[PDB]
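Student: Let's see this in three dimensions:
(chains A and B)
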Amino acid sequence: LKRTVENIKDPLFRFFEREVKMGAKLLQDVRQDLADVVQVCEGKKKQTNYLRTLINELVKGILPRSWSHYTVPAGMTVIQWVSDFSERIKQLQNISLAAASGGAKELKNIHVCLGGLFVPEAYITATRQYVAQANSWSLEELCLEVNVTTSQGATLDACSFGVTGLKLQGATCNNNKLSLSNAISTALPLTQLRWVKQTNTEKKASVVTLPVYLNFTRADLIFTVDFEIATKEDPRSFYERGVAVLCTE
Amino acid sequence: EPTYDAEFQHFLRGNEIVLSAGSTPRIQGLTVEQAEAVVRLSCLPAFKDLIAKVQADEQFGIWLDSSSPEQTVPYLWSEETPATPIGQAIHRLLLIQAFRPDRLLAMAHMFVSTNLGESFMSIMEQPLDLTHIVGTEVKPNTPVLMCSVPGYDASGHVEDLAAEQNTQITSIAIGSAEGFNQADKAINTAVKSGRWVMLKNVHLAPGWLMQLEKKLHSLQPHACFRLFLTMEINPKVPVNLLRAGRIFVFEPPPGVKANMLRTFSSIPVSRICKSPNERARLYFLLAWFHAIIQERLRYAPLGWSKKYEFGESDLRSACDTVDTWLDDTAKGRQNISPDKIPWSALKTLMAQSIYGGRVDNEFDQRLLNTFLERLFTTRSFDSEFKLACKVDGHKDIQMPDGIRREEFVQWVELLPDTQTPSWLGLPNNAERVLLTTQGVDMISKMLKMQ
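Tutor: Residues are numbered from 1 along each chain as shown, chains lettered A, B, ... in the order given. Take a look at the structure below.
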């Protein structure tokens, strides 16, 4: 990304610049490693100790330690890792092109998959900071709300940011209301994260505070979301059922 | 039989095949993941017409939603010649991997049954017969390493075998420098006199185990000499000792019923039988609670955010807490009303001190709070209380109406053998999740062996 005086004030540009830097560095690392592996397989290059260990891991499907620099599920094979790599780099290319074309102003309207970010918690913090800067409110006074919209082209409000790739484990969302379901996972459509001034509103009995885990392992928690219950189901049933949200499957 | 190298290559590295973005079509009845699986499987020449055949099959959905699809996989692969039974088995394995990975292990068992015999895996699904193995298949100088998962003790098996064979056995617990001297003296006596020696919890002494392996390599033991080493599965055990010993892995039998039976057996009868009469019922609830959290650990990350060590120490602490609080409240009364039980003290302590201390995630703490609030309450003493509601979506489990320990133990013994995740509050499909995880855990493991 092309850093400038105007765009550095945007928290979103700072987050995406850090993400692009980390992704580019890891991309060069993996590309060099794979080029060396292909050279070894052709007989051009000899097997060094590090290279020999790399062939040992790649042949068995083990992810090498040299490749893991962002949080991922433990025990992942290499194909899933490189596929997630391709998706993340394509997202980074798209956001970089958007920044170059329309400046930082387009970073708000772009729909970012939190699964495709190396640290989506920073993205949530950046959205909070952007809303605080735009509306001149303190960061403490802002609280998060979620709107699930199935309509294509749902316009985003000034304080609303689009997200994609969310998965809902243990529940189905209809009319922005949860219902217990027997499906293992349901793909959430475009999800609008909206920051609003924290009104002194009583916590409704029909509100459940689900987590938003980074991935299916549920090792890392990004944030929490309050959702309304469609029926008269006990919220405790959602806790016993282990209902949750994952940025990526 | 042909090698079936290509089919096994797809079985182990089918995901390695690449699907171009947008190349995956939508197929009626198949989810997105099944669509990617079918597209990957279509690369092989036998499954080239797989998508059209799946679309044309009217009875596909009943197979896809079936509880045991592996037994009746439809014929979809195209064959130029009729296939051998093993060819049908591997093709069915590929189809089950593509459509119902949750049943893959079951399908895998059938493949083994198709190749190595029906009774091949059966002998492991049986009680361990240590008598013949130790008598015939174990030399005196090869130590019998009985490794257990943490929290499970297997010395009872060796004591039972020693009782059955009528052989004197000397058992020493290695937990201090003195125990090393006692073990050395006992082994020096038994190696000459041919006695049986057992060393308990030897994982606590890795270096001494290396010394014992070096010592064992040099001895000329008597024929009837046997050395059992009971330990917990830890990586600190020496590699050479495992290499130079007979390893037997003991795990607890999964299920709430066995868990409650083990808890009741472990607790002394006098402790539960103490006055007031209500104490036993609380113990039953505590036992049920300790079962529900423990079995749920199998279904992580769904059951819990991470695998906590809810072991016997927590159970003993909970029992001590219950004993202290009931002794304080009752003051020796033979009976106390259910209302007078200090429910708040028990809920708070087992929510923060006994079991909650290990819990670091706030959400798991919330789940533990929900379980304790649901179970530990005055309504537990009502005859209509339901330990688990909507079991299987239609049935429920009721509290036992008895008051003595024997009534609860009989109720546990009379529980149904068929346990689903709904007993623990999880949804039934959680089982369908766990198997598929293990299913992937199978293939990846085989990739490390390929």
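Student: how close does residue A:12 get to chain B?
Tutor: As judged by C-beta to the nearest C-beta, to the nearest Å, residue A:12 and chain B stand 25 Å apart. The C-beta positions use only the backbone N, C-alpha and C, and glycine is treated the same way.
Student: ok, now which ones touch whichever residue of the stretch 201-350 of chain B sits closest to chain A?
Tutor: Of all residues in the stretch 201-350 of chain B, residue B:301 sits closest to chain A, with a separation of 4.0 Å (C-beta to the nearest C-beta). Shown in contact with residue B:301 (C-beta atoms under 8 Å, 6 or more residues apart in numbering or on different chains): A:216, A:217, A:218, A:219.
Student: Check which residues of the longest strand seen in chain A are buried.
Tutor: Secondary structure of chain A per DSSP state E: the longest strand is strand A:221-229. Neighbour counts over strand A:221-229 (16 or more other C-beta atoms under 10 Å in any protein chain shown) mark A:221, A:222, A:225, A:227, A:229 as buried.
Student: Stretch B:194-208 too?
Tutor: So for stretch B:194-208, counting by 16+ other C-beta under 10 Å, buried means B:194-205, B:208.
Student: ditto for stretch A:69-88
Tutor: Under 16+ other C-beta under 10 Å, the buried positions of stretch A:69-88 are A:70, A:72, A:73, A:76, A:77, A:78, A:81, A:82, A:84, A:85, A:87, A:88.
Student: What is the burial count for the nearest residue to the fifth one once chain neighbours are set aside?
Tutor: So the one you mean is residue A:77. In this structure, residue A:77 finds its nearest non-sequential neighbour in residue A:61, 4.4 Å apart by C-beta to C-beta, 6 or more residues apart in numbering or on different chains. Using other C-beta atoms under 10 Å in any protein chain shown, residue A:61 has 22 other residues around it.
Student: Please tell me I have it right and residue A:61 contacts residue B:448.
Tutor: Yes. Between residue A:61 and residue B:448 there is a contact under C-beta atoms under 8 Å: 7.1 Å.
Student: what residue of the chain is the furthest out?
Tutor: You didn't pick a chain, so chain A it is. In chain A, the residue that sits farthest from the middle, by C-alpha atoms, centre = their mean, is residue A:43; the gap is 40.5 Å.
Student: Chain B is the one I meant
Tutor: Seen from the C-alpha centroid of chain B, the residue lying at the greatest distance (C-alpha atoms, centre = their mean) is residue B:80, 44.3 Å away.
Student: Using the three-state scheme, assign that one.
Tutor: coil (DSSP: H, G, I helix; E, B strand; the rest coil).
Student: check contacts around it.
Tutor: By C-beta under 8 Å, 6+ apart, no residues touch residue B:80.
Student: what are the phi and psi values for it?
Tutor: The phi/psi pair for residue B:80 (degrees, to the nearest 10) reads phi -70, psi -30.
Student: Next one: it from chain A, what distance?
Tutor: 31 Å.
Student: For the nearest residue in space to residue B:79 that is not next to it in sequence, which three-state class applies?
Tutor: Spatially, and ignoring its direct neighbours in sequence, residue B:79 is nearest to residue B:46 (6.7 Å; C-beta to C-beta, 6+ apart). The three-state label given to residue B:46 by three-state DSSP is coil.
Student: could you list every residue that touches residue B:46?
Tutor: Contacts of residue B:46 by C-beta under 8 Å, 6+ apart are B:7, B:77, B:78, B:79, B:91.
Student: repeat for residue B:409
Tutor: B:261, B:264.
Student: That one: which element?
Tutor: Using DSSP states H and E, residue B:409 sits in helix B:405-413.
Student: on contacts alone, who are the packing partners of the helix or strand following that helix?
Tutor: As assigned by DSSP H and E, the chain's next helix or strand after helix B:405-413 is helix B:429-449. Under the contact definition 3 or more C-beta pairs under 8 Å, 6 or more residues apart in numbering or on different chains; DSSP states H and E, helix B:429-449 sits against helix B:5-13, helix B:104-116.
Student: let's go with 10 Å and repeat that
Tutor: helix A:49-60, helix B:5-13, helix B:85-99, helix B:104-116 (3 or more C-beta pairs under 10 Å, 6 or more residues apart in numbering or on different chains; DSSP states H and E).
Student: Highest neighbour count among the contacts of residue B:301?
Tutor: Result: residue A:218 is most packed of the contacts of residue B:301 (other C-beta under 10 Å), 23 neighbours.
Student: In a strand, the residue of the stretch 201-350 of chain B closest to chain A, correct?
Tutor: No. Assessed with three-state DSSP, residue B:301 is coil; it does not lie in a strand.
Student: how far away is it from residue B:151?
Tutor: Distance, residue B:301 to residue B:151, using C-beta to C-beta, to the nearest Å: 21 Å.
Student: Residue A:26 now?
Tutor: To residue B:151, residue A:26 is 40 Å away according to C-beta to C-beta.
Student: neighbour-wise, which of the two wins?
Tutor: For the pair residue A:26 and residue B:151, the greater number of neighbours falls to residue A:26 (18 against 14), based on other C-beta under 10 Å.
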